[PDB]
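# Observations on the model geometry
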Amino acid sequence: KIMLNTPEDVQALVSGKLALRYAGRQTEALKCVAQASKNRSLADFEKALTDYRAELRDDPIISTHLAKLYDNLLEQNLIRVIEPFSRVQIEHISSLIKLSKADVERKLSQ
Amino acid sequence: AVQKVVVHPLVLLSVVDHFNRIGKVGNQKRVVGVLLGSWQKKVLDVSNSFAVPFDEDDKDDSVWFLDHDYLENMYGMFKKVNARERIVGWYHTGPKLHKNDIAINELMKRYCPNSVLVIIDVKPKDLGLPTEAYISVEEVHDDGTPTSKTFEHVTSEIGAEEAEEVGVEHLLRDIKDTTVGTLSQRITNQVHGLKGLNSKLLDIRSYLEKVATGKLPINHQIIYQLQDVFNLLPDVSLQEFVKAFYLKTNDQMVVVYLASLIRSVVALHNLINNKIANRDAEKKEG
Amino acid sequence: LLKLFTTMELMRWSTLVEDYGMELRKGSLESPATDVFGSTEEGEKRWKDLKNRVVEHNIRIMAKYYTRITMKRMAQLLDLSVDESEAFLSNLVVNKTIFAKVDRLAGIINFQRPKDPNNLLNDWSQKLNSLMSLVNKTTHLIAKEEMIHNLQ
Amino acid sequence: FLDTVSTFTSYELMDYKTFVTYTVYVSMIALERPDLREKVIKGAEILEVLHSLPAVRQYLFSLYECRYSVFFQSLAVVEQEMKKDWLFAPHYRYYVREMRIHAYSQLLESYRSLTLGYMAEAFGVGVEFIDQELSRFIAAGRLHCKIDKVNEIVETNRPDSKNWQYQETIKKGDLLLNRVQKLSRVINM
């Protein structure tokens, strides 16, 4: 349900008393994924992939799908800021996301 | 009000009749004919017309002779046989616009609705379009001159609806149709320079004459727009249009490949039959 | 209202500062200006988004003209920082600024000079210019030729 | 090799793992990124047979990922394994050069200008070798336009689309011109 970009129903499923008793460390990372999706943030999603990687290390094959969501929001940001900029500095446009130009350059050129 | 008009050649051939029924008397003045048409729709469509005995004076220009009973009788009988067409205006065959035309047109401005004026030539030597629609409307002038009747040029086209095209095409048997291709294009591309050369050359001479030798204000205000539009193309350096010459020249290359390749395909049947027919007819002739 | 109607000349808002101040001071007309500023944050949003709205609207007016106002100099004449002008560009990316040209080396922007396809753009301009010269040349030529007939 | 779904272990000519090991060269080199993404990456066959040997997954994800630092360190296994084969040895010279120029066209396709620092760090080799590499691939390879070293930076233009896309037919125009000259030679005899 988070693959279809709807965090409001995620809040509706973590706010109900029925599924609240089965909550734990597993659903916290999903709350950070839904928070990064509703906030349209990228470095926060990398923080969710950094602090919770010790419950994201035992993650199933769907990790490729989560990386497809990360690269999908990255694609939205790239088509968001680059599209109005015909020719601009790489640090003036990468300073907004405060990320390195290595992964961004590799994904772009790819 | 009216953007364009449609004039059928029937009325101009009725001017050929105006030049036929003269009778060799020696007058050949600007015979005024009663123009008919369809003023209902926004576009004007002349179907047919008739004439009225019109005679002027030699010295005095303000003399003009019309007829109301003949107009109401010819228009009454013509409306009785065909009520789909009504009076619209008139037209004179004189090449020059005289001052009395405001009084001649004023009668059909009072009795009839707003009449359109058409100036043609007595001799069909003019290469340009003989029909010019001049609307009779009063316009406000910026210089402060009193409001008077002004003849503004309305664009005109010579077309036939159903039958006159067939009759003209059968009576001529010399004119050609559209016939897109080599001849109809290259004739226009050859004589077009004379089609603009006689017009511009015929106009700018009397224009330059009336520049220095002119008085009685000729509306010099429009000359500023004239030379302005003439100076709206200040010999462009063609710097930006180079890539456009690369595009049109690339289409030229496309026509080169189409001509060479397609003609090379046409050479098949010729350059095969030339051998297989000649050698077999030769070896089987005897 | 006449200044906000059309053709907004680039003027300083300091002349409007005292106009709004006396707009709050005088009670003969438009009295509830203190009611406009009733809330602590609503009036501040109306004022900041008001000056922002006119400082974007004048950009939308001068964007029609291709005069190349050189917004680097415009930022100097407006006496404001370029960072909130970049934020103004963040308002332009949602204000449909997709038809523009920026520069990596300099800071001058271009609202025109596209790829310019000669089959569409120069085709259109040459059509209107050449054809307009043809028919406009056609009207007053024979029209004046009829105007000179009255001299006889 | 698209019918590999119905293929099976054929002890008569070649084992299935040898058929995959032999088709991974023609598929890995003879195909571009859209051809791989359409044929093999979308297909589950290589996803099934990649678990047999972990090297092939490295030579596919490293090549598709454009990581030369590990592809050149692990390329020695492709060099030694490429030879000493019955039918695959005498062609070992073509796969190496063709794969190198294919990778250089892959990286150089999306890149207009390239500094020597990011290139030397990306490929993990000295500049003295890529100097003669690109120097030999300008005339010998014929991959892109002329290269310049006025700033010691790989900078190409590649005007191969706008005018050259129309100029791709001038070769058939000249050869067809000599062929219609032959057509003129058939005349009268």
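Residues numbered from 1 in each chain as written, not as in the entry; some residues may be left out. Chains lettered and ligands numbered in written order. Part of a larger assembly, values for the part shown. Heavy atoms only, no water.

## Regarding the interface of chain B and chain C
Taken together, the 26 residues of chain B in the interface contact 20 residues of chain C. Buried area between chain B and chain C, summed over both chains or domains, comes out near 2200 Å², and the portion from carbon and sulfur atoms is 65%. Between the two partners, chain B and chain C, sit one salt bridge. Notably, a salt bridge pairs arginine 113 of chain C with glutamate 240 of chain B, separated by 3.0 Å at the nearest N-O pair. Run the count over chain B and chain C and you get two residue pairs in polar contact. (Contact = heavy atoms within 4.5 Å. Buried area = accessible area lost by both parts, 1.4 Å probe. Salt bridge = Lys/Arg side-chain N within 4 Å of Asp/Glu carboxyl O. Polar contact = N/O pair within 3.5 Å; in protein donor to acceptor, adjacent residues only side chain to side chain.)

## Digging into helix α5 (residues 82–93) of chain C
Residues and elements named next belong to chain C. Under the 1.5 Å per step criterion, the end-to-end length of α5 is 16 Å for twelve residues, consistent within 8% with the ideal 16 Å. Taken as a whole, α5 has its buried residues at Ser85, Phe88 and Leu92. One side of α5 carries all its buried residues, which in axial view fall inside an arc of 55°. N-cap assignment for α5: the residue whose side-chain oxygen lies 3.4 Å from the backbone N of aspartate 83 is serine 81. (Helix = DSSP H or I, 4+ residues; strand = E, 2+ residues; numbered from the N terminus. Expected span 1.5 Å × (residues − 1). Buried < 20%, exposed > 50% of the residue type's maximum accessible area, 1.4 Å probe, protein only. Arc of directions from axis to C-beta.)

## Overview of the pattern of salt bridges
Residues and elements named next belong to chain C. Scanning the model with the defined rule gives 20 salt bridges over all chains in all. A salt bridge links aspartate 79 to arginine 12, with the nearest nitrogen and oxygen atoms 3.1 Å apart. On the criterion of sequence distance, the pair formed by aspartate 79 in the loop between α4 (71–77) and α5 and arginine 12 in the segment before α1 (14–25) is long-range, its members being 67 residues apart. Exposure remark for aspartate 79: the relative accessible area of 62% places this residue in the exposed category.

## Notes on the nonpolar core
Ranked by size, the top nonpolar core spans 28 residues in total, and within it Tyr25 and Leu114 of chain D carry the most contacts. Tallying contributions element by element places helix α7 (residues 92–109) of chain D first for this core, with seven residues. Discounting residues that sit within four places of it in the chain, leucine 114 of chain D has contacts with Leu107, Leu108, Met119, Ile153 and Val154 of chain D. Membership of the second largest hydrophobic core comes to 20 residues, among which are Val32, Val34, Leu71 and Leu97 of chain B. (Core = buried A, V, L, I, M, F, W, Y, C linked by side-chain atoms within 4.5 Å.)

## Some thoughts on unusual backbone geometry
Even without being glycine, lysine 24 of chain B reaches a positive phi, approximately 55°. Along the chain, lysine 24 of chain B falls in the loop between α1 (9–18) and β2 (32–37). Assessed through its relative accessible area of 78%, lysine 24 of chain B is described here as exposed. Even without being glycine, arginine 142 of chain D reaches a positive phi, approximately 55°. With respect to the helices and strands, the residue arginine 142 of chain D is situated in the loop between α9 (127–141) and β2 (153–155). In this structure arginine 142 of chain D comes out as exposed when scored by relative accessible area, which is 60%.

## With respect to the pairing of β2 of chain B
Residues and elements named next belong to chain B. With respect to burial, β2 is a largely interior element, six of its six residues being buried. The alternating pattern of β2 places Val32, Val34 and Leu36 and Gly33, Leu35 and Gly37 on opposite faces, both of which are buried. Sheet topology places β2 next to strand β5 (residues 86–92); six bridges connect them, and they run antiparallel. Its bridge partner lying in β5, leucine 36 is registered against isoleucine 87. (Pairing = 2+ DSSP bridges.)

## With respect to the interface of chain A and chain D
Many analyses report the size of an interface as the accessible area lost when the parts associate. Opposite the four residues of chain A that make contact, chain D presents seven residues. Overall, the association of chain A and chain D removes approximately 490 Å² of surface from exposure, summing both partners, and the carbon and sulfur fraction of that is 33%. Of all residues in chain A, the largest losses of buried area upon contact with chain D belong to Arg106, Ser109 and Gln110 of chain A, amounting jointly to 79% of the total for that side. Linking chain A with chain D are one salt bridge, by the criterion used here. In this structure, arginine 106 of chain A engages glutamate 65 of chain D in a salt bridge whose closest nitrogen and oxygen atoms are separated by 3.2 Å. Where chain A meets chain D, there are three residue pairs in polar contact. For the side of chain A that touches chain D, the per-class residue count stands at no nonpolar, two polar and two charged. (Nonpolar A, V, L, I, M, F, W, Y, C, P; charged D, E, K, R; others polar.)

## Points about the packing of helix α3 (residues 25–39) of chain A against helix α4 (residues 43–51) of chain A
Residue and element names in this part refer to chain A. Relative to each other, α3 and α4 sit at 170°, their axes nearing to 9 Å. Taken together, the axes of α3 and α4 are roughly antiparallel relative to one another. Two secondary-structure elements touch here, α3 through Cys32, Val33, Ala36 and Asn39 and α4 through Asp44, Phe45 and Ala48. Looking at the contact of α3 with α4 residue by residue, the class counts come to five nonpolar, one polar and one charged. (Axes fitted to C-alpha atoms, helices over the stretch in contact; angles between N-to-C directions. Parallel < 35°, antiparallel > 145°, perpendicular 65-115°, else oblique.)

## Notes on the sheet that holds β2 of chain B
Residue and element names in this part refer to chain B. What the three strands build is an open sheet, ordered β4-β2-β5; its pairing is antiparallel. Among the strands making up the open sheet, the edge pair consists of β4 (49–51) and β5. If you compare each strand with its neighbour and ignore which way they point, the axes differ by 30° on average. Of the strands in this sheet, β2, β4 and β5 are in contact with helix α2 (residues 69–81), which crosses β4 at around 150°.

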